[PDB]
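Reading through the structure tokens given below for one structure.
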Amino acid sequence: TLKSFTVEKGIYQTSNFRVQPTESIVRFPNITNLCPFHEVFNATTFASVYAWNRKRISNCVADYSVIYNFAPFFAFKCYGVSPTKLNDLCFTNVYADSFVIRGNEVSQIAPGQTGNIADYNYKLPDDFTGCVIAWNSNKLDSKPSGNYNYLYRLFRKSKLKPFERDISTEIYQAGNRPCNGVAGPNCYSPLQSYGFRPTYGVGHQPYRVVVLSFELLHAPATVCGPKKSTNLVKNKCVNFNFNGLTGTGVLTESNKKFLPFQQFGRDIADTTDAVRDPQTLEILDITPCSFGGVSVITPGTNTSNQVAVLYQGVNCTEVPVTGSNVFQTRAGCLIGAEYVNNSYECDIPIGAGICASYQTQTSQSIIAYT
Amino acid sequence: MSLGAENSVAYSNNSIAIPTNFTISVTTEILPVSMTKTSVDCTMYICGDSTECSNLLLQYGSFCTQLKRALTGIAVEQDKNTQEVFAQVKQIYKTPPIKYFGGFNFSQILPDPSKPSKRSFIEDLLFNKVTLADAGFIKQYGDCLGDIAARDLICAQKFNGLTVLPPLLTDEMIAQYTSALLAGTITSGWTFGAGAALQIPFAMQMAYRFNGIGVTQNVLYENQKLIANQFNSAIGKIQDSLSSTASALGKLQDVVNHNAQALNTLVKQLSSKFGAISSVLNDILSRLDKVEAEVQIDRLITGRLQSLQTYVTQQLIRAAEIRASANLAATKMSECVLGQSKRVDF
Amino acid sequence: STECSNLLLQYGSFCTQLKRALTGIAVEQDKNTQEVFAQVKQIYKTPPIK
Amino acid sequence: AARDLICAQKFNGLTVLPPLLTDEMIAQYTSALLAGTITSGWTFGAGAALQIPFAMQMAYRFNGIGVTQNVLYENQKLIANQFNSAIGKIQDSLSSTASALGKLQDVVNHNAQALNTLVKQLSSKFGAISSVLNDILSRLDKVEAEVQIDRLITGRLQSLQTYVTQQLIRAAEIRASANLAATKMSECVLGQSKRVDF
Amino acid sequence: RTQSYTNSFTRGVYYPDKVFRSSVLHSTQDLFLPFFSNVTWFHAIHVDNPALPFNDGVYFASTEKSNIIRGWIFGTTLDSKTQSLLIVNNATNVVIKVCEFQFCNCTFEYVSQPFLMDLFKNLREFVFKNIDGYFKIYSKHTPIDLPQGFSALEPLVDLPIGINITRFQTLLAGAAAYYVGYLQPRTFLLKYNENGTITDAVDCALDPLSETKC
Ligand SMILES: *[C@@H]1O[C@H](CO)[C@@H](O[C@@H]2O[C@H](CO)[C@@H](O)[C@H](O)[C@H]2NC(C)=O)[C@H](O)[C@H]1NC(C)=O
Ligand SMILES: *[C@@H]1O[C@H](CO)[C@@H](O[C@@H]2O[C@H](CO)[C@@H](O)[C@H](O)[C@H]2NC(C)=O)[C@H](O)[C@H]1NC(C)=O
Ligand SMILES: *[C@@H]1O[C@H](CO)[C@@H](O)[C@H](O)[C@H]1NC(C)=O
Ligand SMILES: *[C@@H]1O[C@H](CO)[C@@H](O)[C@H](O)[C@H]1NC(C)=O
Ligand SMILES: *[C@@H]1O[C@H](CO)[C@@H](O)[C@H](O)[C@H]1NC(C)=O
Ligand SMILES: *[C@@H]1O[C@H](CO)[C@@H](O)[C@H](O)[C@H]1NC(C)=O
Ligand SMILES: *[C@@H]1O[C@H](CO)[C@@H](O)[C@H](O)[C@H]1NC(C)=O
Ligand SMILES: *[C@@H]1O[C@H](CO)[C@@H](O)[C@H](O)[C@H]1NC(C)=O
Ligand SMILES: *[C@@H]1O[C@H](CO)[C@@H](O)[C@H](O)[C@H]1NC(C)=O
């Protein structure tokens with residue numbers, strides 16, 4: 001730690017000691033049903049973008065690796081998460097929105113985008129934490145005579161707020177002359193239809209879009225991943241996986257006053273202090289494993305190679321594993337130097353009126369004194 | 001605001017004013033000497049036993065050795081400050097059991113063996129007025145590891161690598177140094193600040209002090225009872241002033257509060273996101289792949305390093321100010337306790 | 001700017017530290033002037049004869 | 001027609017607070033110190049002000065420096081004329097040369113140039129496409145403008161922290177000089193000093 | 001109708017999230033009812049149009065010692081096109097619809113204990129907010145004009161209705177008295193005690209003293 005081969009007399013702070021974890025536990029709820037992504041992904045027909053569907057996926061285990069066998073897309077477009085880590089973490093509610101758009105407008109299914117689809121048809125929030133899946137469909141959504149079952153909205157008095165629908169079909173009035181049903185030169189019906197034909201370019205093909213919106217942990221968790229659970233162990237340094245929250249620490253029974261709706265506890269530095277087990281409803285404190293600071297008291301390298309080691313801030317009935325003499329000091333206990341009843345001037349300072357030195361006894365050794 | 005009361009000296013070129021009586025007065029000056037010695041671990045603060053953050057922090061640079069060197073230099077500097085101010089006598093003197101120092105009491109500044117810590121009554125008041133926080137290793141890693149229904153800031157800063165080192169000299173040794181200085185000053189005068197201690201009766205020493213300030217020594221010997229009573233009443237007045245008013249020690253209390261709020265701000269800066277998707281490394285490493293979590297962890301590493309460097313720079317400036325005050329206190333102990341000073345208002 | 005202000009509140013708490021440091025500096029300058037000049041308890045006046 | 005630097009720094013949030021004591025109050029403090037010094041001597045710094053003629057006070061000062069007091073009373077006119085000529089020479093040297101106050105003028109110049117470079121740091125790009133936030137808002141979508149705004153925020157925060165650190169160091173130096181000035185006022189105006197070249 | 005006006009002193013404080021915090025002064029920005037706001041007292045007696053607007057939040061508070069208020073029908077146009085919450089105190093069901101039949105097609109239907117479990121005046125405070133296509137109902141049953149003191153409101157129930165709300169109307173079924181106040185986006189400073197309850201709060205827009213406190 002000094003980047004040198006010779007060490008002068010003094011006390012040096014080298015590193016910190018840590019109690020390494022021994023076991024690993026995983027705690028997931030008791031959920032056995034399978035999520036119906038299949039019912040979402042192949043259907044006889046989808047809906048228009050102004051009347052987009054929404055399916056609630058809840059109380060099931062979700063496998064996201066069977067998505068690739070249902071539709072011939074290229075890759076996920078995930079915001080906030082990554083598609084390869086979707087099996088290692090658990091949500092509370094997953095929604096699925098299904099609609100068909102043109103290939104020009106797939107780029108408007110991103111957060112923070114404006115245009116025509118993202119203004120009057122389907123608007124995403126800027127805090128989006130989901131994945132957008134879009135694939136070409138020219139063999140099911142197009143006809144040689146023209147497929148006119150898909151509609152979209154051009155005219156609307158205001159912009160759509162995120163995650164809301166407008167299935168109203170009323171005649172727009174952009175002019176100053178009221179019509180109330182007459183589609184004149186100033187009143188138009190704001191639902192035009194795509195003229196989908198198979199003999200188009202690649203930018204005008206229909207594209208089936210499925211948008212998965214994830215809801216993070218603010219509740220008891222319902223839509224988890226396919227991972228087995230482990231028996232709960234307490235009073236030991238382990239690794240825990242409580243509902244996708246990963247950390248290292250010890251677990252103790254708590255005497256806290258958690259309300260029924262609350263599930264987590266947080267500290268001043270916004271780290272998790274207490275957690276509620278998902279299988280049995282009990283509260284467990286999360287205390288980090290035992291640590292501290294290690295200081296090395298040595299004389300010069302030219303003098304000798306004897307070393308005393310000080311563990312800062314602990315009473316050492318708590319060291320997991322230098323010399324064999326143990327002396328307790330207010331600055332943590334000192335191992336490797338015996339305590340003599342004399343008193344000399346301070347050679348190497350330790351703290352709280354205790355110093356150390358390399359002196360004889362009658363056979364040279366490191367001694368500690370006041 | 002009012003600058004002061006209006007006055008006009010009745011000046012004339014054949015008129016003088018000469019006092020006919022005096023007043024012995026005891027004042028009080030409070031000077032900071034040292035401050036809290038802190039020790040900061042980088043890996044527990046910035047990363048907190050995450051292997052990926054530790055690898056990126058090793059890949060980042062070598063700023064943490066510089067921060068550790070600066071904080072170690074500050075701690076050794078405060079130990080040097082306390083040793084410079086208090087350790088000025090080579091022998092621990094002792095007072096005689098008879099306490100008749102010419103009618104002067106000296107009973108509230110000399111130690112008494114009733115308390116386990118041999119401190120005087122005014123020293124007990126001065127240690128009672130300052131509400132000390134982070135006094136050293138008082139938690140000792142046993143209360144933090146247990147279950148407390150209301151966690152304090154000390155455990156939250158201990159779990160993030162922010163510790164407090166104890167001072168080298170305990171308060172018993174500081175009280176012993178001040179007791180030795182008081183015994184040498186009472187029984188010797190200024191002769192123990194030059195060579196060996198020379199005993200002298202306290203009345204004759206006080207006559208030497210009056211000869212020092214420019215007054216003939218017959219004034220003291222003909223008014224010894226009045227001077228002793230005035231000194232006792234001044235000691236009683238500063239007794240009642242230290243007992244009643246709690247705003248006198250607002251320099252030392254400000255030092256303690258400054259160190260506490262600096263450590264509290266350093267703890268509270270861990271909850272900031274610094275542009276990343278979350279402020280915790282575990283959710284970033286669990287919700288993302290390697291490539292994107294590298295960018296988010298890099299943003300958090302840069303933010304926490306900037307916060308730690310800001311803390312270290314402010315600590316360096318505060319240590320320079322405290323060292324200047326400690327040099328002033330050492331000069332005052334050398335020139336006013338070990339002798340008589342002719343400097344005006346020093 | 002609303003977006004910059006939202007990102008600055010999202011950033012951290014550096015600015016309260018900067019404001020606290022500048023306020024301590026200004027109070028220190030006022031204390032400097034007070035402890036240099038205001039050393040006398042009364043405002044004396046010279047006589048009209050000079 | 002030509003904007004000064006004060007408006008350009010006031011429009012960007014950099015202000016200057018007034019001092020607590022006005023210049024009239026400092027002049028009153030110095031006038032009270034002068035009146036006490038020339039009508040009482042050093043006695044107004046210990047207890048009450050005790051009047052004494054100025055010849056007897058100067059005899060006290062010569063007895064302080066080690067010269068017997070009969071030197072003044074036999075050479076009072078010569079000493080008074082020398083003091084008046086010295087005061088006239090100080091007046092002439094202050095009227096002719098303006099380079100004596102180059103500590104206070106440097107303090108003013110240092111603060112002015114620090115605020116001026118803090119203003120001038122707002123025209124830098126810091127790796128972004130523009131130094132104007134409004135062009136970044138109007139020219140880009142949300143995602144890219146967040147990146148450019150983050151770069152500008154980091155650069156401006158670094159510049160402002162550098163300014164604050166330099167101000168703290170200058171304030172520590174100014175406080176040391178103020179402590180020296182307070183010691184000089186306490187020891188040399190309120191009494192006679194035995195320290196060599198103080 | 002008998003429209004009246006009174007003062008809501010300190011009520012309307014609810015838990016902003018579902019995270020346990022103890023001995024922590026937390027600062028939140030959400031849609032709260034402002035302190036010392038001017039709320040409306042309704043002495044509606046039928047022997048009277050309850051078609052109130054919504055405006056981003058409803059404080060709804062009734063001092064009824066009995067259970068004579070059924071529920072609240074939300075929405076924009078309520079002329080048998082799309083209705084809303086049809087809560088009944090029959091202790092069997094809370095039915096939510098996106099359809100007709102305002103009073104006598106099934107959306108999310110919910111079964112639990114009745115809201116009015118108890119029989120002093122026993123003020124009932126509710127919070128109805130609708131942001132990001134999600135709707136929350138906070139409630140706290142305070143046993144006893146509006147009283148003095150900070151009483152926190154728990155998220156007793158949540159509801160995924162996902163519909164637009166512009167108006168708000170209370171359904172009775174003789175003499176009734178209920179308060180309606182409006183939520184605004186404001187910044188608060190809540191005080192959690194050692195048991196995790198919010199016993200006090202500071203509104204950061206009322207007076208300069210509270211702004212200094214924040
Ligand atoms: C000088 O001052 C002291 C007090 O500062 C005077 O002592 C007081 O004298 C009165 C009158 O006899 C007593 O009632 C007080 O009890 C005395 N006080 C103390 C503390 O002894 C003293 O008389 C003054 N001397 C002259 C000559 O004026
Ligand atoms: C020196 O001062 C102390 C402190 O006031 C005196 O102790 C007091 O003595 C009186 C009478 O004996 C008691 O009523 C008080 O309770 C004592 N105070 C304390 C704090 O113990 C002491 O008497 C003085 N010395 C002399 C010689 O009189
Ligand atoms: C919930 O999980 C526990 C885990 O031990 C199990 O015993 C119990 O049967 C589960 N409940 C249901 C309804 O499956
Ligand atoms: C969808 O379901 C049908 C019948 O359930 C099945 O034949 C078909 O292969 C599935 N996939 C697609 C892409 O249509
Ligand atoms: C450390 O542990 C021992 C034994 O459990 C205990 O007696 C002691 O008080 C503890 N603390 C210190 C500071 O030694
Ligand atoms: C509320 O407003 C009404 C009129 O808008 C007014 O008469 C009444 O006094 C107000 N109540 C207050 C300020 O408490
Ligand atoms: C059911 O509700 C839908 C709208 O959600 C409406 O179109 C339909 O007409 C309703 N059914 C009947 C029988 O009215
Ligand atoms: C709800 O409907 C109204 C129609 O009065 C409309 O103006 C508004 O945009 C809609 N959406 C809201 C309030 O989110
Ligand atoms: C917390 O709850 C306990 C248990 O009833 C009670 O004794 C204590 O007074 C409560 N604390 C506060 C601050 O109300």
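Just remember, in the structure tokens the first chain shown is A, the second B, etc., residues are 1-based per chain, and ligands are 1-based in the order shown.
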Counting only C-alpha atoms and all ligand atoms, give me one row per residue of chain A with an atom at most 7 Å from an atom of ligand 8, showing the shortest contact pair and its distance in Å to one decimal, sorted by chain then residue number, as a Markdown table.
| residue | atom | partner | partner_atom_place_in_ligand_line | distance |
| --- | --- | --- | --- | --- |
| A:158 | CA | ligand 8 | 9 (O) | 6.7 |
| A:160 | CA | ligand 8 | 9 (O) | 7.0 |
| A:161 | CA | ligand 8 | 14 (O) | 6.1 |
> What are the DSSP alpha helix (DSSP H) residues of chain C, as a VMD selection string?
Replying inline: chain C and resid 2 to 11 14 to 37
Output file for the residues above (C-alpha atoms, as a PDB file, in the first residue's frame):
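Once everything was written out, this is out14.pdb:
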ATOM      1  CA  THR C   2     -37.802  24.346 -16.174  1.00  0.00           C
ATOM      2  CA  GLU C   3     -35.952  21.334 -17.629  1.00  0.00           C
ATOM      3  CA  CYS C   4     -32.553  22.537 -16.391  1.00  0.00           C
ATOM      4  CA  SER C   5     -34.012  23.284 -12.953  1.00  0.00           C
ATOM      5  CA  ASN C   6     -35.542  19.798 -12.760  1.00  0.00           C
ATOM      6  CA  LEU C   7     -32.209  18.217 -13.734  1.00  0.00           C
ATOM      7  CA  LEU C   8     -30.394  20.414 -11.192  1.00  0.00           C
ATOM      8  CA  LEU C   9     -32.738  19.297  -8.403  1.00  0.00           C
ATOM      9  CA  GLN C  10     -32.209  15.756  -9.716  1.00  0.00           C
ATOM     10  CA  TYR C  11     -28.426  16.275  -9.508  1.00  0.00           C
ATOM     11  CA  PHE C  14     -24.122  21.167  -3.939  1.00  0.00           C
ATOM     12  CA  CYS C  15     -25.817  24.554  -4.157  1.00  0.00           C
ATOM     13  CA  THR C  16     -26.880  24.767  -0.514  1.00  0.00           C
ATOM     14  CA  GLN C  17     -23.229  24.079   0.349  1.00  0.00           C
ATOM     15  CA  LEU C  18     -22.128  26.916  -1.956  1.00  0.00           C
ATOM     16  CA  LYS C  19     -24.714  29.305  -0.469  1.00  0.00           C
ATOM     17  CA  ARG C  20     -23.680  28.308   3.073  1.00  0.00           C
ATOM     18  CA  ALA C  21     -19.994  28.908   2.279  1.00  0.00           C
ATOM     19  CA  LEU C  22     -20.666  32.338   0.747  1.00  0.00           C
ATOM     20  CA  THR C  23     -22.882  33.350   3.693  1.00  0.00           C
ATOM     21  CA  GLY C  24     -20.166  32.296   6.142  1.00  0.00           C
ATOM     22  CA  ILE C  25     -17.646  34.337   4.139  1.00  0.00           C
ATOM     23  CA  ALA C  26     -19.838  37.471   4.279  1.00  0.00           C
ATOM     24  CA  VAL C  27     -20.497  37.109   8.030  1.00  0.00           C
ATOM     25  CA  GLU C  28     -16.731  36.661   8.493  1.00  0.00           C
ATOM     26  CA  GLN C  29     -16.029  39.939   6.640  1.00  0.00           C
ATOM     27  CA  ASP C  30     -18.518  41.822   8.826  1.00  0.00           C
ATOM     28  CA  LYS C  31     -16.875  40.308  11.924  1.00  0.00           C
ATOM     29  CA  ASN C  32     -13.461  41.355  10.546  1.00  0.00           C
ATOM     30  CA  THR C  33     -14.510  45.002  10.191  1.00  0.00           C
ATOM     31  CA  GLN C  34     -16.201  44.977  13.619  1.00  0.00           C
ATOM     32  CA  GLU C  35     -13.208  43.478  15.435  1.00  0.00           C
ATOM     33  CA  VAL C  36     -10.758  45.840  13.731  1.00  0.00           C
ATOM     34  CA  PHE C  37     -12.545  49.158  14.150  1.00  0.00           C
TER      35      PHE C  37
END
> Where does DSSP see strand (DSSP E or B) in chain E, if you list the residues as a ChimeraX atom specification?
Replying inline: /E:3-8,14,19-20,25-32,37-42,45,52-53,58,61-62,71-75,86-87,94-95,109-110,123-131,134-142,153-159,167-171,175,178-180,184-192,198-203
>> To check your reading of the model: which residues sit at most 10 Å from ligand 3 when counting only C-alpha atoms and all ligand atoms? Write the answer as a VMD selection string.
In response: chain A and resid 27 to 32 229 231 278 to 280
Cut-off 12 Å: closest chain A/ligand 7 atom pairs per residue, using only C-alpha atoms and all ligand atoms, as JSON lines:
{"residue": "A:51", "atom": "CA", "partner": "ligand 7", "partner_atom_place_in_ligand_line": "5 (O)", "distance": 11.4}
{"residue": "A:166", "atom": "CA", "partner": "ligand 7", "partner_atom_place_in_ligand_line": "5 (O)", "distance": 11.9}
{"residue": "A:167", "atom": "CA", "partner": "ligand 7", "partner_atom_place_in_ligand_line": "4 (C)", "distance": 9.3}
{"residue": "A:168", "atom": "CA", "partner": "ligand 7", "partner_atom_place_in_ligand_line": "4 (C)", "distance": 10.7}
>> Neighbours of ligand 5 at 12 Å or closer, counting only C-alpha atoms and all ligand atoms: which residues, as a ChimeraX atom specification?
In response: /A:312-319,327-334 /B:136-143
> Which value, in Å to one decimal, gives the distance between CA of residue 213 (chain B) and CA of residue 75 (chain D)?
Replying inline: 29.4 Å
>> Only residues of chain D matter here; which ones have an atom within 10 Å of chain A, counting only C-alpha atoms? Give them as a ChimeraX atom specification.
In response: /D:141-143
>> Using only C-alpha atoms, which protein or nucleic acid residues come within 8 Å of residue 91 (chain E)? Drop anything in the same chain fewer than 6 positions from it, and give the result as a list in words.
In response: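 The neighbour list is residues 112, 113 and 114 of chain E.
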Please dump the current selection as a short mmCIF file (atom, residue, chain, number, x, y, z; two decimals), in the first residue's frame; keep N, CA, C and O atoms.
data_model
loop_
_atom_site.label_atom_id
_atom_site.label_comp_id
_atom_site.auth_asym_id
_atom_site.auth_seq_id
_atom_site.Cartn_x
_atom_site.Cartn_y
_atom_site.Cartn_z
N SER E 112 -64.66 -6.43 -0.29
CA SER E 112 -63.93 -6.35 0.97
C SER E 112 -64.89 -5.93 2.08
O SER E 112 -66.12 -5.96 1.91
N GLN E 113 -64.33 -5.54 3.22
CA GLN E 113 -65.10 -5.00 4.32
C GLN E 113 -65.70 -3.64 3.94
O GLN E 113 -65.17 -2.96 3.05
N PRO E 114 -66.81 -3.24 4.56
CA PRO E 114 -67.37 -1.92 4.28
C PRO E 114 -66.46 -0.80 4.77
O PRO E 114 -65.68 -0.97 5.70
#
